[PDB]
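There are 6 protein chains.
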Amino acid sequence: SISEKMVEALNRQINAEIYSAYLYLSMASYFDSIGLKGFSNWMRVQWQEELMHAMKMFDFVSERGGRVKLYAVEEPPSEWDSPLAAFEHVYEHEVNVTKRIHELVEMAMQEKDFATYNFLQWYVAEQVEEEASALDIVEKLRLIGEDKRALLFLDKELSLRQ
Amino acid sequence: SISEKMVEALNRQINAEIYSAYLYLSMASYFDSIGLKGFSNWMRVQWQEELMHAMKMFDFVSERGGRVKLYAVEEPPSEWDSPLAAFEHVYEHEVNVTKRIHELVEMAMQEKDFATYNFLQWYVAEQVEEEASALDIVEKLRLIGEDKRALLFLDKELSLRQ
Amino acid sequence: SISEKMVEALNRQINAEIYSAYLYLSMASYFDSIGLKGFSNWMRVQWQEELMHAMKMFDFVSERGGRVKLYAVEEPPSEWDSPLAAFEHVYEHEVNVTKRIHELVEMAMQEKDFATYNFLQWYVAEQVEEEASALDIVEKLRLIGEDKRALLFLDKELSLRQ
Amino acid sequence: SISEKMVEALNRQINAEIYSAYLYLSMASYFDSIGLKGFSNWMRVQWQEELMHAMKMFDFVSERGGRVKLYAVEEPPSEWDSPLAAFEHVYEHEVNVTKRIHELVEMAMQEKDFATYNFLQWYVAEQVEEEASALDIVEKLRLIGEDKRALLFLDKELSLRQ
Amino acid sequence: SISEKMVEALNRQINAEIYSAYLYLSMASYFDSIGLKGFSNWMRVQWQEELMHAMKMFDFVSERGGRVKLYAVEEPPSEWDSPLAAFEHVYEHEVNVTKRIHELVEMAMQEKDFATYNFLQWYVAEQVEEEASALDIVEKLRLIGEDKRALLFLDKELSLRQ
Amino acid sequence: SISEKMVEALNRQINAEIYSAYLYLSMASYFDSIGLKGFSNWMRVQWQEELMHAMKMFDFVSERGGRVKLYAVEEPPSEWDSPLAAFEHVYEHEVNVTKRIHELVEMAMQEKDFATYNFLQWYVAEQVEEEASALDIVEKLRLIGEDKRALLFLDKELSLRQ
Ligand SMILES: [Fe+3]
Ligand SMILES: [Fe+3]
Ligand SMILES: [Fe+3]
Ligand SMILES: [Fe+3]
Ligand SMILES: [Fe+3]
Ligand SMILES: [Fe+3]
Ligand SMILES: [Fe+3]
Ligand SMILES: [Fe+3]
Ligand SMILES: [Fe+3]
Ligand SMILES: [Fe+3]
Ligand SMILES: [Fe+3]
Ligand SMILES: [Fe+3]
Ligand SMILES: [Fe+3]
Ligand SMILES: [Fe+3]
Ligand SMILES: [Fe+3]
Ligand SMILES: [Fe+3]
Ligand SMILES: [Fe+3]
Ligand SMILES: [Fe+3]
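Residue numbers (the UniProt record's numbering), protein chains in the order written: chain A, 3 to 164; chain B, 3 to 164; chain C, 3 to 164; chain D, 3 to 164; chain E, 3 to 164; chain F, 3 to 164.
As structure tokens, then:
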């Protein structure tokens, strides 16, 4: 039932979820390098979260009788201009992930593959949260601007994530 | 104090630990594809293990004052002639990972980087277990030869790993 | 079989550890003098911790069959230009302690005194943390420069240390 | 990959650990014979402890891919002029086991067998304790001299070891 | 009052109990050599159990005021054709150990040494179990023959012993 | 992965399991017709049980992503010479159902279809029980013979089945 075309694409998106993890891990290294252990922590938590996103899709492809094929994970970028620019890139990347999910929804429907549609609804809801979390911190870094105490305050708040 | 040479090698090995995890994840797919869910499980656990291995080094490079550069993760192989060949590939890959850790140990000696030498001793000990665990299962699968009832028994046991 | 050369190098290091403690107690007074009770708390904790490093080495010297000679503890300096300057001194000092530790490690290697070589690996690993904890505060102090509200945020953080 | 000459050496040291136990068990019969039930206890405990030392190495030869050959265990001596002489024998014995372990460490270094080098570090630190425990009791027994009431106070203390 | 002839005879039977331990230890190696870590476990446990047998009798000789002499433990054998042959050697060995204990019993009665007779009744019952446990596994392995799965099923049964 | 071959074979076994049900329901009517309400109840319970056997296969064919086709269920026979003759038909019939299952097992193993092999193992075990149960009552009736209080005794006993 699950079509070979639907598998390939889910396999794409599995790779996109892993590269996001890996992107966030590179950011963990960047925030590490500029003293911000709380931001670093957030990123490490996001890395593991995106890996979990990938695995939940890895397991669904196998369950449905599809075959997971893993592809290369690209070398991510490694520097950003500022914590603000880091999170702005998070936001934009997550909006891109949200696009690619909306398309998998659309493909599922064309193929009348109701199981893959229903499953992707998890990721549709999850992307709403991803974008909003990312936006919310972007807004906070914009008011903070150059104010070093506010920056360190946000960094503590972020160190608390699990 | 940590040299650039040494930071490079460690960043490389971090990439290799992540690759190892990714190979084992591939094998988990292979094993799903021939209905050995226990072998699959064993791999899925070893994938989490190797990622953890990677992170302990990722954190160490940054504590030593160096900077983690992340590199592409190679697309891994996707098929194996049999369960025996896949664990034969496992054992061998592990013997190589060991060789890599031994070369890192020697570099640390050459450079008198006592901190990195001591740190690496954990991997010296871990690679002993890695090899032995893989070899034991290669042996089991040799003893089992062609008997598919015995394969499923070993499969159910491997499904018990957490 | 522990040599005289070794027993004296270890006794001198016992003195260096106790002086490191004492130095950090002098910095505690300095930080009290300028209203930074959290910086003061950090130094106090570090003072107990360094005393604890000396005591582990004290016990070991006798465990090996040696005798601890105690030497004078030098009057430490009592003024620094700034928090940043004081923590730059902590860092350069701990880099020097490391350098002494590594000397002992070499001396023990050179003497085939394996028991002492092994005992000191704990100090090899401890010094990694010691340099990192201090460099992290130096860097935060740099990031902060003259902003006194941020300095006070950081003082509060250090008042948490146990 | 462990060499033959390293396996054989380890297996000789397994034998020596077992002999050590057996020597200390003979000593327990000695002490029973002169009514000193605490010195007896101390030895029975150390006979178990040396067996544990042997089994730890027995397991490691197997976990490296080697195979353990077991050897005759020589008939230990059965008499000593006095409690002081028995514990002197214990001391000179343990200093000799330490020598044996140190030779093992050297061999491992020469062959670049880092895995064995690292495993043996446990026996390097254990021998530090073994020498000091036996030495303290030797020194106590010298302090004590021919006083029989004091000897029995020591005997009672030694009966508390578990 | 226990006699000299009895004390020697119990002293030899200890030796025999320690040898049996050592024999079983040798088999543990042999089963470890051929992949059967569950059989190996059984053998480690029997190795401990026979040491407990020896010590119980070591203590009894003491309790009666005899002196335990310790003799060389003999180098054991180290290969067997198969799991079956090994357990046949176990049973035959244990049947022989029964014979020795039935001889100590008849000696005891001859000397009217009731306290040694009563003491030996524990070993008389224990041997009934020793024989019956060995024979049960011989019987099971014959029925098993060359069937690999069934072999592995029993090796897991044996991994359970404590 | 599950073959067309294996699916049609399972669907056919499903038919066989529903027919078994219906055969047992037809006997419940027989036993009802001759005043044996306990035998009837036994059949009604066995009818629900074989329906459950069916549905577990229906669900399994469908989980593995194959399509259950439903075939006609044959008119079963409706009379028997006696309770004994009736339970002899149950036995023969169950021995036949065992034949079919063992055939489904070998086909699975041919196609190396290990999920299906493992799933059928429940039925192999279940059939061992079916046969033993039927056989046992067959035997209890050979004994009862013409004896009427013992037939009513057996009849109460089968009332009890839930
Ligand atoms: Fe995601
Ligand atoms: Fe995301
Ligand atoms: Fe999320
Ligand atoms: Fe690893
Ligand atoms: Fe590994
Ligand atoms: Fe491991
Ligand atoms: Fe220190
Ligand atoms: Fe320090
Ligand atoms: Fe510290
Ligand atoms: Fe020892
Ligand atoms: Fe010792
Ligand atoms: Fe000890
Ligand atoms: Fe025994
Ligand atoms: Fe026995
Ligand atoms: Fe027993
Ligand atoms: Fe059925
Ligand atoms: Fe049935
Ligand atoms: Fe049933």
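Ideal Cβ placement from N, Cα and C applies to all residues, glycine included.
Under 8 Å by Cβ, that's how I've got residue i and residue j pegged, so tell me the actual separation to the nearest angstrom.
i	j	result
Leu143 of chain C	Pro85 of chain C	6 Å
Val70 of chain D	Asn13 of chain D	6 Å
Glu52 of chain F	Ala23 of chain F	4 Å
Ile16 of chain C	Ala56 of chain C	5 Å
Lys150 of chain A	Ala152 of chain C	4 Å
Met8 of chain D	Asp115 of chain D	6 Å
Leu160 of chain F	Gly40 of chain F	4 Å
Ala88 of chain D	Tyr32 of chain D	6 Å
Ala110 of chain D	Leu122 of chain D	6 Å
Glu96 of chain A	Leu72 of chain B	Actually they do not touch by this definition, with Cβ atoms about 20 Å apart.
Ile4 of chain E	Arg66 of chain E	5 Å
Span of the alpha helix (DSSP H) holding residue i?
i	result
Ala74 of chain A	It is not in any alpha helix (DSSP H) - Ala74 of chain A carries neither H nor E in the DSSP assignment.
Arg66 of chain B	Element bounds for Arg66 of chain B: n/a, residue is neither H nor E.
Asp138 of chain F	116 to 146
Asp83 of chain A	It is not in any alpha helix (DSSP H) - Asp83 of chain A carries neither H nor E in the DSSP assignment.
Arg151 of chain E	150 to 161
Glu19 of chain A	6 to 35
Run the CB neighbour count on residue i, radius 10 Å, all protein chains shown included, and call it buried at 16 or more, exposed below.
i	result
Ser35 of chain C	exposed
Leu145 of chain F	exposed
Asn98 of chain E	exposed
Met54 of chain B	exposed
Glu90 of chain F	buried
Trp49 of chain F	buried
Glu94 of chain F	exposed
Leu162 of chain A	exposed
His104 of chain A	exposed
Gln164 of chain A	exposed
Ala127 of chain A	exposed
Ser64 of chain F	exposed
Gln112 of chain A	exposed
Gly147 of chain B	exposed
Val92 of chain C	buried
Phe62 of chain F	buried
Looking at chain H, is there any beta carbon in it that lies within less than 8 Å of the beta carbon of residue i?
i	result
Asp61 of chain D	The chain inventory of the structure shown lacks chain H, comprising the protein chains A, B, C, D, E and F.
Legend entry - the region 90 to 123 of chain D: positions lying closer than 7 Å to chain B by Cβ: Result list: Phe116, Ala117, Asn120.
Inset, instruction - Output, in sequence order along the chain, the residues in the region 123 to 139 of chain B whose CB is closer than 7 Å to any CB in chain A. - result: Residues of the region 123 to 139 of chain B with a C-beta less than 7 Å from any C-beta of chain A: none at all.
Inset, instruction - With 9 Å as the limit, tell me which residues of the region 43 to 74 of chain C have their beta carbon closer than that to any beta carbon of chain D; keep them in chain order. - result: Residues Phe62, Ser64, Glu65, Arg66, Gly67.
Inset, instruction - Check each residue of the region 26 to 37 of chain D: if its Cβ is closer than 7 Å to any Cβ of chain E, include it; give the result in chain order. - result: Residues passing the 7 Å Cβ filter: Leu27, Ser28, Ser31, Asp34, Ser35.
Inset, instruction - Can you give me, in chain order, the residues of the region 142 to 164 of chain A that have a beta carbon less than 8 Å from any beta carbon in chain C? - result: Using a CB distance below 8 Å, the part of the region 142 to 164 of chain A facing chain C consists of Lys150, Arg151, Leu154, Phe155, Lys158, ordered along the chain.
Inset, instruction - Could you please tell me which residues of the region 9 to 20 of chain A, in chain order, have their CB closer than 9 Å to any CB of chain B? - result: Along the region 9 to 20 of chain A, going in chain order, the ones with a CB nearer than 9 Å to a CB of chain B are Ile20.
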